Structures are given as C-alpha cells and as structure tokens.
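Below are the chains, spelled out letter by letter.
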There are 4 protein chains.
Amino acid sequence: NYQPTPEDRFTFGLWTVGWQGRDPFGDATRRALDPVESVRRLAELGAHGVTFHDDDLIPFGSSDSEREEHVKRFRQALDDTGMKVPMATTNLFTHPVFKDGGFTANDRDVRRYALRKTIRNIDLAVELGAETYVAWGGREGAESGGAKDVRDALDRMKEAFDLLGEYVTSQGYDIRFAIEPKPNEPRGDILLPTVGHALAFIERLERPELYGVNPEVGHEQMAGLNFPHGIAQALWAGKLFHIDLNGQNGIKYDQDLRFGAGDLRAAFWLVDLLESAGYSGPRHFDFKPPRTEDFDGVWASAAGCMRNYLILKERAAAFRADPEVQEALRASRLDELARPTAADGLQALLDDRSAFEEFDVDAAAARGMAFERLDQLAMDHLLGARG
Amino acid sequence: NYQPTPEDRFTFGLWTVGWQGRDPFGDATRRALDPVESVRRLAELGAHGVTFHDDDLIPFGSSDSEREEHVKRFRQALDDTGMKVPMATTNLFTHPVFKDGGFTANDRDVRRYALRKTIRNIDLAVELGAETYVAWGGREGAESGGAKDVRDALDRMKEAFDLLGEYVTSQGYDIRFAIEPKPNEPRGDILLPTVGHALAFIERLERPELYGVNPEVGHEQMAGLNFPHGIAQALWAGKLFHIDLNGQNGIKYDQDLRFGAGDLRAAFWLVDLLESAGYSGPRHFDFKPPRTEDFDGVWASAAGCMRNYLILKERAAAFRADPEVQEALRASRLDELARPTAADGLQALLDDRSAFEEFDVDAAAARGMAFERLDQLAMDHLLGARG
Amino acid sequence: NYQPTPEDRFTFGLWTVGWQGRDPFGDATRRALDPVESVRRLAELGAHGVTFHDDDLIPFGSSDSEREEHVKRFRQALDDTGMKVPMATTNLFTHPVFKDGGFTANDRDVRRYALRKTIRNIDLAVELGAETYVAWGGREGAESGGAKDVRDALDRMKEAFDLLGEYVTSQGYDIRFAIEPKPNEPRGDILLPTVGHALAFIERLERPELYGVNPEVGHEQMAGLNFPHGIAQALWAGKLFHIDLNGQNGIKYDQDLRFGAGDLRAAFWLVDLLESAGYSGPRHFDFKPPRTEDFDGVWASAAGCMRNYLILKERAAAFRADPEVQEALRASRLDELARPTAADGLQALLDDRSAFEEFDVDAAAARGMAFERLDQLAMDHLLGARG
Amino acid sequence: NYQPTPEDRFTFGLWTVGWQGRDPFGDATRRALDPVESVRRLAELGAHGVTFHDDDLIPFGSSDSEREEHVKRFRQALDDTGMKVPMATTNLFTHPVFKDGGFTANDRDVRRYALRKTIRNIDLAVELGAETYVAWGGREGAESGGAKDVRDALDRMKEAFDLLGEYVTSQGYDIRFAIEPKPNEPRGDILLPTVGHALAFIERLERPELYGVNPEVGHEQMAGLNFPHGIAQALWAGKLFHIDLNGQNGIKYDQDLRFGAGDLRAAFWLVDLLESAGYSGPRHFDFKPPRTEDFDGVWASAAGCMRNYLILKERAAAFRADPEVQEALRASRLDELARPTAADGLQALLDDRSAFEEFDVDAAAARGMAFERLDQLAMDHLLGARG
Ligand SMILES: [Co+2]
Ligand SMILES: [Co+2]
Ligand SMILES: [Co+2]
Ligand SMILES: [Co+2]
Ligand SMILES: [Co+2]
Ligand SMILES: [Co+2]
Ligand SMILES: [Co+2]
Ligand SMILES: [Co+2]
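Along every chain, residue numbers run from 1 in sequence order, not necessarily as the entry numbers them; residues that have no coordinates are omitted. Numbering of ligands from 1 and lettering of chains from A proceed in the order in which they are written. By convention in this description, side-chain values take in all heavy atoms of the structure and omit both hydrogens and water.

What to know about the nonpolar core
Here is the rule: Remark: nonpolar core denotes a set of buried residues (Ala, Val, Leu, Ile, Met, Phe, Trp, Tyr, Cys) joined through side-chain atoms within 4.5 Å. Exposure categories follow from relative accessible area, calculated using a 1.4 Å probe and restricted to protein chains: below 20% of the type maximum is buried, above 50% is exposed, and the middle band is partly exposed. Residues are treated as being in contact if the distance between any of their heavy atoms lies within 4.5 Å.
In this structure, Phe259(A) and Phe259(C) are the most contacted members of the largest nonpolar core, which totals 219 residues. Excluding residues within four positions of it along the chain, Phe259(A) makes contact with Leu245(A), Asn246(A), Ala267(A), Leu270(A), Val271(A), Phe285(A), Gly304(A), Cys305(A), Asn308(A), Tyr309(A) and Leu312(A). Counting 218 residues, the second-largest nonpolar core is a separate cluster that includes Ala130(B), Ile179(B), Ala385(B) and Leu210(D).

Structural notes on the sheet that holds strand β3 (residues 87-89) of chain B
Residue and element names in this part refer to chain B. The test is simple: The pairing criterion for strands is at least two bridges between them, as found by DSSP. Working definition: helices are DSSP H or I runs of at least four residues, strands are E runs of at least two. Numbering for both runs from the N terminus. Axis lines are fitted to C-alpha atoms, over the contacting stretch for helices. Their N-to-C directions set the angle, which ranges from 0 to 180 degrees.
A sheet is described by the order of its strands in space; here four strands give the open sequence β3-β4-β6-β8, paired in parallel fashion. On the outer flanks of this sheet lie β3 and β8 (211-213), each paired with one strand and no other. For this sheet, the mean inter-axis angle between neighbouring strands, taken without regard to orientation, is 30°. Strand direction decides the pairing type here: strand β4 (residues 132-136) and strand β6 (residues 176-180), joined by five bridges, are parallel.

Here we look at the interface of chain A and chain B
Often, the extent of an interface is quoted as the loss of accessible area on bringing the components together. Spelled out, the test is: When two components associate, each loses some accessible surface as probed by a 1.4 Å sphere; the sum of these losses over both components is called the buried area. Salt bridges are identified by distance alone: a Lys or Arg side-chain nitrogen within 4 Å of an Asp or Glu carboxyl oxygen. Two N or O atoms form a polar contact when they lie within 3.5 Å of each other; inside protein one atom must be a possible hydrogen donor and the other a possible acceptor, and for residues adjacent in sequence the pair counts only when both atoms belong to side chains.
Contacts between the two partners involve 93 residues from chain A and, on the opposite side, 93 residues from chain B. Taken together, the two surfaces of chain A and chain B that pack against each other cover about 9,400 Å², and 61% of this comes from carbon and sulfur. Taken as a group, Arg116(A), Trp236(A) and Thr341(A) account for 10% of the area that chain A buries against chain B, more than any other trio of residues on that side. For the salt bridge of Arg367(B) with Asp107(A), the shortest nitrogen-to-oxygen distance reads 3.2 Å. If you look at where chain A meets chain B, you find 48 residue pairs in polar contact.

A look at the packing of helix α4 (residues 64-81) of chain C against helix α5 (residues 108-128) of chain C
Residues and elements named next belong to chain C. Heads up, the rule is: Angular relationships are summarised with four words: roughly parallel below 35 degrees, roughly antiparallel beyond 145, roughly perpendicular across 65 to 115, and oblique for the angles in between. By convention, the crossing between two helices is left-handed when the near helix turns anticlockwise from the far helix through less than a right angle, and right-handed when the turn is clockwise. Ten residue types, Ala, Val, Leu, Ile, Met, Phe, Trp, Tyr, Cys and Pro, are classed as nonpolar, four, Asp, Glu, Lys and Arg, as charged, and the remainder, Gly among them, as polar.
Here α4 crosses α5 at 30°, and the two axes come no closer than 12 Å. Relative to α5, the element α4 is oriented roughly parallel. Here α4 and α5 pass one another in a crossing that is right-handed. Every residue of α5 that contacts α4 at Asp64, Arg67, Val71, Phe74 and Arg75 is listed here: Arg120, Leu124, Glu127 and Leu128. Each residue belonging to the contact of α4 with α5 can be placed in one class, and the counts come to four nonpolar, no polar and five charged.

A closer look at the UniProt feature "binding site: Mg(2+) 2" in chain A
Residues and elements named next belong to chain A. Inclusion rule: UniProt positions are given in the numbering used here, feature names are shortened, and annotations may be inferred rather than shown by experiment.
Under the feature "binding site: Mg(2+) 2", the UniProt entry names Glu216, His219, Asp254 and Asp256. Taking the farthest pair of C-alpha atoms as the criterion, the annotated set spanning 41 residues converges on one region, since that pair is 10.7 Å apart. Checked against the element boundaries, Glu216 lands in the loop between β8 (211-213) and α8 (217-221). Note on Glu216: relative accessible area 0%, which makes it buried. Within the secondary structure, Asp254 is located in the loop between α9 (227-236) and α10 (264-277). In contact with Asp254, other than residues within four places in its own chain, are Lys182, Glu185, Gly218, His219, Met222 and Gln248. Within the structure, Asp254 has its side chain in polar contact with the side chain of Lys182 (distance 3.3 Å).

Focus: the coordination of the cobalt ion (ligand 8)
Residues and elements named next belong to chain D. Filter applied, for reference: Ligating atoms shown are N, O and S within 2.8 Å of the metal, or 3.2 Å for Na, K and Ca, and water is not included, meaning a site may look less than complete.
Around the cobalt ion (ligand 8), the protein contributes the donor atoms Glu180 (OE), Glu216 (OE), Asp244 (OD) and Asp286 (OD), which lie 2.2 to 2.4 Å from the metal centre. When the donor residues of the cobalt ion (ligand 8) are listed from N- to C-terminus, their spacing reads E-x35-E-x27-D-x41-D. Between the cobalt ion (ligand 8) and the cobalt ion (ligand 7) the interatomic distance comes to 5.1 Å. Taken together, the residues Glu180 in strand β6 (residues 176-180) and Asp244 in the loop between α9 (227-236) and α10 (264-277) connect sequence positions 64 residues apart.

Things to note about the relation of the copies chain A and chain C
The condition that has to hold: Superposition of the copies is done by least squares over their C-alpha atoms.
At an RMSD of 0.0 Å, chain A and chain C line up after a rotation of 180° and a shift of 0.0 Å along the axis. What the rotation and shift describe, once combined, is the action of a two-fold rotation axis. Distance from the rotation axis, computed per C-alpha, reaches its smallest value in chain A at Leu383(A): 2.6 Å. By residue overlap, the copies meet face to face through one surface: 100% of the interface positions of chain A are interface positions in chain C.

Notes on the interface of chain A and chain C
Contacts between the two partners involve 36 residues from chain A, matched on the other side by 36 residues from chain C. Carbon and sulfur atoms supply 49% of the area that chain A and chain C bury against each other, a total of about 3,000 Å² over both sides. Of all residues in chain A, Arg258(A), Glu372(A) and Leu383(A) bury the most surface against chain C, accounting for 22% of the area lost on that side. Across the pair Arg307(A) and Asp380(C) runs a salt bridge, and its minimum N-O distance is 3.2 Å. Between chain A and chain C we count 24 residue pairs in polar contact in total. It is helix α16 (residues 371-383) of chain A that provides the largest number of residues to the side of chain A that touches chain C, a total of eight residues.

Let's talk about the pairing of strand β4 (residues 132-136) of chain C
Residue and element names in this part refer to chain C. Within β4, five of the five residues are buried, which leaves the element mostly enclosed by the surrounding structure. Side chains of β4 alternate between two faces, with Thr132, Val134 and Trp136 and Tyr133 and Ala135 buried alike. Bridging between strand β3 (residues 87-89) and β4 involves three bridges; their strand directions are parallel. Paired with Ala88 across the two strands is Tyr133, which belongs to β4.

Looking at the coordination of the cobalt ion (ligand 1)
All names here are of chain A. Listed as protein donors to the cobalt ion (ligand 1) are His219 (NE2), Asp254 (OD) and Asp256 (OD); their distances from the metal cover 2.2 to 2.3 Å. Positions of the donor residues of the cobalt ion (ligand 1) along the chain correspond to the pattern H-x34-D-x1-D. Between the cobalt ion (ligand 1) and the cobalt ion (ligand 2), a separation of 5.1 Å is found. One end of the pair, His219, is in helix α8; the other, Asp256, is in the loop between α9 and α10, with 37 residues separating them in the sequence.

Let's talk about the sheet that holds strand β9 (residues 283-285) of chain B
Residues and elements named next belong to chain B. Across the sheet, which stays open at both edges, the three strands sit in the order β2-β1-β9 with parallel pairing between neighbours. Edge positions in the sheet fall to β2 (49-51) and β9, since each of these pairs with one other strand and no more. Strand-to-strand, the axes of this sheet are offset by a mean angle of 30°, without reference to chain direction.

Regarding the packing of α9(A) against α10(A)
All names here are of chain A. It is the contact of α9 with α10, at a shortest axis distance of 9 Å, that shows an interaxial angle of 20°. Comparing the axis directions of α9 and α10 gives the class roughly parallel. Here α9 runs over α10; the crossing is right-handed. Residues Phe227, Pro228, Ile231, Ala232 and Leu235 of α9 touch α10, and the partners they reach there are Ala266, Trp269, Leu270, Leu273, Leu274 and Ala277. When the residues that make up the contact of α9 with α10 are grouped by side-chain class, the tally is 11 nonpolar, no polar and no charged.

Comments concerning the side chain of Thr194(B)
Examined against the element boundaries, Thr194(B) turns out to sit in the loop between β7 (189-190) and α7 (195-202). For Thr194(B), a relative accessible area of 0% translates into the label buried. A polar atom in the side chain of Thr194(B) sits 2.4 Å from the side chain of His197(B). In this view, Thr194(B) contacts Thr194(A), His197(A), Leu225(A), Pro181(B), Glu220(B) and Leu225(B); residues no more than four positions away in its chain are not counted.

Here you go:
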C-alpha cells in the first residue's frame, strides 16, 4: 500500500536522517549515525539515492588516508546497496572561520579558502558520480545595515560563481550548479532571499546556462510567498534543476518538517504542478525529524515523506483525470487563458473596434468566474469524498 | 528649518492626497479633492511634481469634451504652478471588469480592453510630459491553486509587455516602463511578488532595456524582506528607474503610512544607500493619510514626509562624513570587501599554497568583526547623541 | 451525500452572503441582497439560523415605521422558514462618526452614542430571540504610539461593558456577551488582540459570569498563533460561548475564506477538539465569498462550508474510533498526561527519593515519544488512505 | 556622556554575556566565560545586578562540594563588586530529559524531577538574595495537533504552579513568581504564547497575588503584536513584576539583539510608558551578542544597551515636558479620554436626550483628530530636530 520504488527517484540527505537534534536551546538527543547504516536503511526503506555535505562524509581536519578510507567505505556501501548520488553540496556555515560568510566575506583569504574547499568538493562530487551541485548561501548576509556593502558582495559572489564555472569548463565536467535561497536564519537578512532574486542573479553571470535554482517549500514559506507560483516561474524560466521538499507552519523559524505536514493544499498543488509539467529530476527531502523521536521515528518520518508524495500523486492524477473537473475548467475559461491575446498584430489590435469602442464593460463584468466550485472539486478530490 | 525645495525632486500622487478614507470596514471620511487644488497646495508645500492614474484625472465613461476639459484644466494648473509630471500609471483594478485581472485575465476581450486602455493612457502620459510609466499588477493572481495557470499567465504578461514595447518603439517615444511588485492584497497571491521576481521577468522579454522596477518600502516589508537589499540588487542590475516611499509596521496589510514612520532604521539605511549610489530619479511618496485626519492633517503628513527625508539625508551625510566612523569601517574590513577575490587567475588560485594548505583556520576564526561598534556609531549618528 | 440538517446547528451571517465585494482597491461586483431572500436560500441550503448587524437589517437614519416594517418582514421570513436567530451584533465601525472608536473614543458624546446604539440593538436582539451578544472592537486602537492612552482606554471599555451588564441585569434578560478579538485591520493595533487578552479583560470586570469570547480562525491566524490551543484555553477557562469559522492562508490581511480552505490540518484538529469537548453552541461561518463569483458561487461556498465541516467531523470520528490509534495514544503516554503529577502531597514529593536522588536522567532521556507515527496515522485518517 | 549608574537598576544575565555563539547551523565562536569575570566586567561597565540559571552557575551532575565552592566564589565576587541578584530562573530546556517539557510532560517522573529541581533552585535563589522568580516555559508545547492534550497540560501546569506557591507559602519566603511567554522556537506552538494568555492563566490559580508576567520585546514581536499595548495591559492588571529588553526585526526567529536595535519607535514608546507609569523594578537585558564579535564587542553591546536606554529616557522626558506637545495633546482630546464616560448613571444615560436623539453625527464626524501632527512632534523629539 503506496510502496515506494527506486523508479520514483526518491532521494534523501545524510544530514536529514543523521541529525542529532541540536536546536539552540537544547543538547543532542540522538547518537551520531554511520553513513553506511544510513545508506543501508534508506535502501531497505526504498529510496533511490543519497546526498551529502563534505563535512557529513569526511570530518574536519582529517588525514588523506582517513579521507580515502571514508570514500572507500561509502563507495562499498553504494555498490552493495545499488543507490546513486545525484547531488552534492558543500559546508560553508558550521565552522567559525565562516562566521561572516563564505564567498562574500570581508576577508580575502577566507574567500579564497572557501573557493578552494568548494573546488575540492566539486572534484569529490564528480568522482562519486553527482550531476548537480548545490551552493547554499548560509552565512551570506548581515545583522545590521552597515555590516555589508551589498553591491560589492554581489560582485564577489558573481566573481566566485564565474570562477567555479570557469573551473568546470576547464575540467570539462557535466555537473551543473544550483543556488538554494533562504530569507534569514542564521543571519538577519540572507543575500538572494527568494527564487526570483536567485534567478535575477543567474541572468547577470557570464555563462548562465550552467546555473539554476534549488528551492525549498519551507524556505519560501518563511517569506510568506506561494511555492507553486515560485516553482512555476522557475519552470517558465527553464531553470529548475533540483528541488527540496519539507513542511512549514507559517512565517516562523525553519522547522524542516516532513512532507505533507504544514500546508497540505500547497503541497497538493505543488505535486500537481510537478506531475503536469513533467519534472524529471530527483525528489529530495531536506527535512528534520524532531528531537523527541528515536531512530524508529526517524525511519517512520522517512517512510511518511514518500507515502505522502505517493498519496498526493494519486489524488492529483485523479483530480486531473475527471470529466466534471474538465467541465469546470472549461467553465472557468482556463482554456481561453491558454489562447494568445493578440496573435493578429498590434495594428489589428489598434484597428479592432470591439476591443475599446463597442466593448460592453457591464456585460463583461456581470459574468461569474466559478472558481469556488472548482476549488470545492479540488478539495473533494483531495479528501477523497467524491459523489 | 528643513524646508523642501523643487531641486530635491519631491513628487506626490493624486490618489495619495485625494484619498477619501474608504477602508473595507468603513465609509469615506473626507470629500473628493480637486486636482487643481491638490497641485496648488502641493506647490505651496514645496513639491516638484505630481503623478496620476487615468481614472484619478478623467472619470470613467465620460465624453471626449469633458476629457479635454479636464486635461486643459490640469495643464493650466501645471502652467500656473510650474510643477512637472515625471510619472503616470494606469487603473486596472477599480472597475469590476478587472476582477480577475488586466493583462493576465481568463477573458481575451478583457485582456484586449486592458491593452487598449493602457495604450490610450500612454498617449496621454507622453502628451502631458511623463518619462516613466508604471504598470502595477493589482489584480494579477488567484485565491486558489487551480484558478490560474501561472506559466500561461506569465506568457500572456510577456505578450502584453512586448506589445507595449512594440507600441512605444513604433511611435518612437522616450518613455520607459516600470513594474511595481506586491505579494498580496487584494488577491491572495499576486504574480511577481518581489523585486527579484520582477527582475527575472524583465530578463525574459525581447527588448529588456526599456523595463525596470518601481519598488515600495511597504510592499517589500509585507514580505518580510530587506528593502536596502532589494534596492541594492536593483541598482546592481542597473534597473532602478523609479521608487515609492512609505511606511509599514511589519508583516500585515498594506498600511501606506508616511515616510519615516515604521522602520526608521531601514528608512535611514535606504536614504544612505540612495545618497551613496547617487539615484537621480524622482522621490515619490505613495502614502495614505489616515481617515481620522482632516485636510490639515493631510498636508501635515505631506510636509512630514519631505521633512523626514531631509532629516535622514542630513543624518546619513553626517554619518558618512566622520573620521571615527571611517576608522571603524577600516576596522570592519569593508575596504577589503571592495577588493576582488582572485584577480591573479584560476590557475594562480589553484597553485596558491596559502589559500588551503598553510591557511590557519583558528587564527582566522579568532578575529572579531566589530560590527556592533559600527552599529552603535550609526545609532548615535541617527539619534544625534555624539560625544 | 454529507447533506446538512438543522440539528447540526449551522448558522450564517447576513453580511457574509450579502457582501457586495467592496475591497479597498475595487468597487462592488454584486447587487445588494434581500434578507428575506437570504433567509429563504439559507433555509433551502439547510442552515439552522442567521445572525445580523443592526445596520444589515435596518439602514442608517431611517424612520421607526420603516424600522418596524423591516422587523415585520424579517419576522415573517423567519416564521415561514422556521429558522432561528441565535446571535446578534452591533455596527460600530462603518460610519465616519466611529473613526476613532466606539466604546474607547476620545469624544464622550461619541462614547455615549455608541452605548445608546448598543442598548437599542440589545433590545432588538432580545425582541427577535437571540441569546448571545457579540461586541467586536473594530475601531478600538491607534496607528501611532501617542494617539491612545491604553490604560484609560481599558478603563473606558471596562466602564462601558459594566454599563451593558448593569443594563441586562436591570432588565432581567437571559442574553450573554461575547468579545471578538482581532490583532489589526482596519486599525494598526487593535486593543485586546488575542483570546487570552480578551480573557484577561474578562477577569477584571465586576460581573464576570456574563462575558465570554467569540474567537475566529482567521483572526487568530493573522497573529500566527494556534487556534486549537486558543479554543482549548477558552474551554479550560469555561468561557467559549460562540465561535466563528473561516479560512486564512497565513500572516496577511483578513481574507475570510470558506471553511476547510487555508489550514486544513488545523481545521481538522479544531473539529476534533470541538467534537471531543462537546461544544453545544452554534456553528457560525463568518466568511466572505470572493468578488469574482456570482450568487451561484455564493451559495456554492455556503454549501461547501457545511460539507467541509461534515467531512472533517466524519474523519475526526473515524480517527478517534480506532484501536491502532488508541495503541499509539497509549504508546505516546497521553493517558499518563491525564494522570495528576503529585496527588500524594508536597511533603510526599519532597520526601520521595525517586524524584531527584535515584532518578535516572539518561534512561528517561533515551525514550522515544513516537509522535510522528501518531501524526502519520492522523494524516492517513485525514486523507482516507488507511491500510 | 550618558554614563550608567547603579541607581538606574540596570541588570544583565549570565547567559547573555556568556553566550558562546552556538546557533543551530554553526559551532561556538567564543570560549566559556567565568561568572566572576562577568560580574567584575559588568561592575566596571556600571550595572546593578546579575541574573542566573542554575545550570549557568553550577554545572550539571556535579558534587555538593563543587556546588558550594561555586556558590562561595560567586558570593565572594558579589561581595567584592557590590552587585545584587534581583532575579533567578531555572533551566528546564537544555537537557534531553526535558525534550517533551518540564511541568507539562507526558512522564510523571520527569514532571516530579522538574518540580524538585525547581524547588532546589528556589532555595538557592532565596539563599543568594533574589526576590523574583522566573519560570520560562521553553519546551512546553507540541509540533503536531495530537501530541499534547492542551486542557490536561494546563491542568498539570496549574498543579505545578500551585505546588510551588504552596512551597513558598509553607517556607514563608518573600519571593514572587513570573511567567515568561513565547509563541514558538524551540517547539512549534509553545503553551501560553502571549502576555494575555499568561494573565488568563494567572487568574485561574488558587493564590493569584504571587504570580505575574516577565514579558520580552522580541518574544512579543515574533507574534506581531504591540509591546507597549501588552505592557500597558499588564500594568492595568497590576501584574508587571519584571521585564526583559532586547530587539527584534519582525516576525522571524528569536534574534535577541541589543536594545534600541530593531523597532526604535516602539522602544521609544516603551521607555515613555515605563517612565510615565513609574515602574520601579529591574531593567533586565535578555540579549545575545552576535557570533561575529569578540569579547570587546560583547562589552560594547552591553554598554550600548544602557546608553540606548538613557538616550531614550532623555528623549521621552523632553517629549513629555513640552508646551507645544501639551497643546497638541489637548487638541487630540486625550484629556477627554481620561474623563469617565457615564459618571451620572445608567438611568441618566438612558434619559439623556443629547446622546442619541439630538446627537449630530455629521458634525461629530467632520472633526479632525490631529494625530499626525502629534506623531510628527514625537518623531522630531525622537530625532532631536526641534525648531
Ligand atoms: Co529548511
Ligand atoms: Co535545503
Ligand atoms: Co502600498
Ligand atoms: Co506604489
Ligand atoms: Co475575519
Ligand atoms: Co467574526
Ligand atoms: Co528572546
Ligand atoms: Co527572556
């Protein structure tokens, strides 16, 4: 009953299931997990792949023999489980050397060290088999108005991203970059807060075909925006390379709950938008199990994310495959929305007398749009109570 | 004492001072104002120009003789006061024919009527002397997830904006377009909610040099974002053609208070950013006086906006012209932020041994950034208590 | 299929279905409705009763003959439909004489006029058969910090509510009062913003057994709080006399959507809390149909509110009547939450050695709470996918 | 220049200046501070006293000899500095045994252990000389709707607070209790989120004269409410026993910035309300220095909190002592707000013909309130630009 399979492209993170529960008012409630154990339990649950930070796989300040031993043990775990790695990311936020930032720091040697650590993790990501890179700007911001010059910081972020694009062009890899936006937490105001700010940063670079977005449901719900509107703008731009699925209960701190929890209707319209657009990337869950749970609660939340995605996929397919719903879609003129406005020309629009001169504004205004009947049909197909 | 002058480019709107106080739980508390009286009182207060909707100047469904009589009376008022018109906008939100939207509606004749009304107001705006056009997407959105298809709606908005750009290219005018973002109110989720979403829409058009943004302090503070960060990203893109100044007390409804009220520190850093960048456009106040006030309170709020801008301009100039502040700026390494990261090359960065191999992360992490001393100097220069 | 009946106590408002669609950026999209027509269509839909403002039933400044003609026509409509009136409220927000407030105004004659209008509407409410009175503080607040003295305003609100309690004690009626909280809109900061602020105001009055709360789902979701937590605190205090059900999509303006839309999981836990506590009052829907809809969309939204309540009542009863859910409730120690902490005494708690001295904090901390398995069971019972 | 003195009652916390900078995306950036060193540096800065958690002073699981050695060293530091202890609090949130909660937990032995730890810290607080106790409900809440029964949890919180009141009544101490509200972080929905919810909990207890509130500026600004409105309701109830002063930049995570930063106008009206009401308690700063700062930045922020309070005290006294401001206060009818509404009686109000019959609503509605001129006078007295 709603059993996940590796053909559904369900991927998880190592920091998701390996989170020890350290919130800033409490200590850790769970022990540290082996990545081999995490890969084997995610293979028993039915996932497709795992993602990793560099500090999640290899600990900080270790030797090259311990680095290649960790890479060999992780490669033996992936070869015995059959799982892939579709995405990797870097850690530029945990260490106190990155307390002002990574690529946009006030120290040039800290900026060069973050670039060198990023280039080493890109080499490890291509060596492990990833095809998407994610650069989350965690510490890139300020707590006051005079702590960062924002135009110079966008110049240094453009210089660092063009250096990474020049490095992958010179090595000839097939990896592509993704930018993960967030409005705040841990900084007061994180640079590029939204998907649109990330896309406007992407269209100013030198090689803009290698950069996309990695949006998050929770990170766009802390700004109070609409996540199907952001995903549909990113798909209209053709730049959605990766996605992150979690839950959020409104404008607050980053909770990172399981998928389906929080805004269930927005998750339903997100799953309906991805199934109607045909997004063929990985389905990544960047979530956190709560610190009141044990490891059985961790794997129960990891099963519940995939179960909620399969239930919402079945409800969205049953919503879109219905003749009464298609009659309500024809009654709400959404097929006339798909028609072009003026395909006859600008001179034909200026010479058409029925657009301004004989247009009846009262007869066009006394026409119901019937959106509430379609929304009640969507609510009945979501809850399963159809007559 | 802080007397405004027309060289300071202070502009207002007709709907700002002519607001009758109709909120959705109450009736109107003031009578309708004459635009001639509004232009003469704003000339006595010391403004530079006025802006207008088409429905603010000429009422709906009137004749051409009453239209040219209103244009002749407004032109006689501008010729006797000496004020200009730097900006005009259209009204696609008040009438019930635009209850689904203007350029992105589900009715093709409503879309063509909104385009024809926009072209007629562009002809009136060039005839009156404006050089910036503002298209605010007021009703462009939905209250449910299935009421709009967002990719087709962005296709129709791209088609309508390319038709307006083709019209001003064919007539050969010197006017430029501006897009005013808003997250919500009156719709549940308004398309292009932020400045970054507007810039990402601007970089997908066919002639992108004629389109910019018209951001608002309140409209970016209902999303919980940072308005100097948005204005600095719009100035880094080179697309800030117009601005709107008001106040807002957090994530709530659109209050549209006077300038200085609300986030005083964010208004101070906004005035400091505009004075350091040298923005030479109009200083427009899109504000609303409250409905508890009379007309003396309306002109007191209109004087208080310009007085708050001149006081914040003096405090920002006294903040930037100070040797102890410049010593704190050198101590916070913001001159090293202005230096480039790797101007020696990618191969020089990969061969530089001091970036990764002999980089001391503990000695680079045990260095204070001293942002709080600079923020206390900014607070002392804001409040005037300097020792 | 989920047909409503008058035994389910479903009540509506006259201003709900009679809303003409006047938002503050647009005009009215619908004509004015007859209250006789609204009562007859709500009787055909299956409601139990209607509520009214005084200005919704009798227009402002009319004669006593037109007042008794409107009362006679409304009484003939109620006698031919069989519907009741369980609740009435007053209008102290639409007229421009109440632009500073009603009971807490800066004018003593305006305060006395609001008290006299409230006493006349209480006499009409007892004459029509209501048993609950609602006093919504619409305009009771300020836009600046120096426009109201808040302690003197709470003194005048206490004086006005004690005068209304003295009036209903002197007339000997059986009506009870309810206070409806709201954080903002139309004022910047409305006095008594939450249910807890209303309860803390209720416990300072002279006759506190005649005052309760009338909370709203949307009005507590504009503050970002938890509405089952507020309803459970109001039921723990024993003061929940009335309720208002609508929808809201987060911290924004007051949308007043239909029930079920917005936070569906919070609506599910609200319906589960009311069905487990046994709240026997009216089920009132203070909602607004959108201005894109016609009258068929208005009655479709009015049917969809009752259909969503009956579907959530069936899902909450199927959630609570389940042995696997009861086993998860026993595993999550919520039966041990219902046990008292120290029923043996304070000296027995201080002399009990197993509370502090031999208490094993590691063995008590290494115990999973299993909340995620219970929340997945609640999500499966909400969506109907149970194996 | 604005030098603080111990007669101004400026108090700090040990966890404020001893915060190591551990946010949930990063590690610690500073070493652990000695409390003797913190008391001596706060005495050199000019504070009046220090507050403490029990885990801040004595570490967890230590012996009684190390406990009395820490108490003897802290007592020698207080005797050599001359500083007091006005307030103490307990730690029921850091350890993983309190991951579900303290007083409202699902485990009875965890509830009894939290009560015994609270009684031991009350004995240490009376032994050190404190007169106010603060019980912050950090972990008292849930992440889902079925994880806590809220009425049973309020019953157990009432039982635990009545047990603490019975303990201080039986020992005969002069200490009083304070409840610190917070909406969320670290839980999803913390029980008693606001000051009004805490006051409504206080008025249900058995001995309600020993319980008050300890509100925070940031904790009431994460709910989007008005903190002078909450402090004025707590002073109208007569229950403000303690206060916490910090800063917050809107509805987000708990930043805990320095005082004056964030909402400067709301901090100005808060300082004006405390100086006009005559609050004679301690002025406590529950703030966090940022992790980019060193120890000189920590003591610079600790000096800047007291400097911002003294500057706002001088500006509020200069605002209230002004004849033009008093003329605007008489013009805005705030002396008529202080007059009672109906001191002649209910029968005199019902027989007064000038309240309803000869009341001119148009002449009372065509009267300006002149709030914007008073708010401009308050802005000019805040910024110091007075003519
Ligand atoms: Co997240
Ligand atoms: Co993520
Ligand atoms: Co606005
Ligand atoms: Co504007
Ligand atoms: Co409402
Ligand atoms: Co209501
Ligand atoms: Co705090
Ligand atoms: Co605190």
